[PDB]
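Chemist: Dumping the structure here so I can ask a few things about it.
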Amino acid sequence: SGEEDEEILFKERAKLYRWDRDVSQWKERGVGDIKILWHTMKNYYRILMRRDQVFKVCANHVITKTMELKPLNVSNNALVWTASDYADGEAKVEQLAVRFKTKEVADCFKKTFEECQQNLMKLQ
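To convert, take the position in the sequence shown, counting from 1, and add 2924; that gives UniProt numbering.
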């Protein structure tokens, strides 16, 4: 509902993890559709993801030109990046990992994500 002014560039099922910098492991953060959104008039891009049943936000942040989306080492399903994220009600720098059903979807997510970033530079 709070996405009225944004076109959906990507929307697929995913599992999202956050790096716990103590127990040194990935802790599950949510399961549901993850989106890449584009605010038409204000010209910015955003990641947004709500959990399946409860509909709590598990990721929400603007895409920046310095973010680096790489694979989780040799994986074909999982991608990894650092974002200053708002899910907990304030901006916190988190290390995120998102894993898709197929290799194909993951590739598409990467490609779209990178497309958005390029547009960021085309206007700088």
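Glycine residues also receive a C-beta, built at the ideal position from the N, C-alpha and C atoms.
Run the CB neighbour count on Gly2926, radius 10 Å, all protein chains shown included, and call it buried at 16 or more, exposed below.
Modeler: It counts as exposed.
Chemist: Along the alpha helix (DSSP H) that carries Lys3046, what are the first and last residues, could you check?
Modeler: Taken as a continuous stretch (DSSP letters only), the alpha helix (DSSP H) holding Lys3046 covers 3027–3046.
Chemist: Distance, Cα to Cα, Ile2932 vs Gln3041?
Modeler: Cα-Cα distance, rounded: 16 Å.
Chemist: Measuring alpha carbon to alpha carbon, tell me which of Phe3033, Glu3039, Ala3021 ends up nearest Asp2944.
Modeler: It is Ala3021 whose Cα lies nearest to the Cα of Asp2944.
Chemist: Specify the secondary structure class of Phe2934 as computed by DSSP and reduced to three states.
Modeler: Note: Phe2934 maps to strand in three-state DSSP.
Chemist: Tell me the DSSP secondary structure of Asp2976 in three-state form.
Modeler: If DSSP states are grouped into helix, strand and coil, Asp2976 belongs with coil.
Chemist: Whole angstroms are fine: how far does the CA of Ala2983 sit from the CA of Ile2958?
Modeler: Straight-line Cα distance between these residues: approximately 8 Å.
Chemist: Please list, in chain order, all residues of the same chain as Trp3005 whose beta carbon is under 7 Å from its beta carbon, the five residues on each side excluded.
Modeler: The residues are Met2991, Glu2992, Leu2993, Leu3020.
Chemist: With 16 other CB atoms within 10 Å as the buried threshold, where does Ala3015 fall?
Modeler: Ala3015 is exposed by the Cβ-count criterion.
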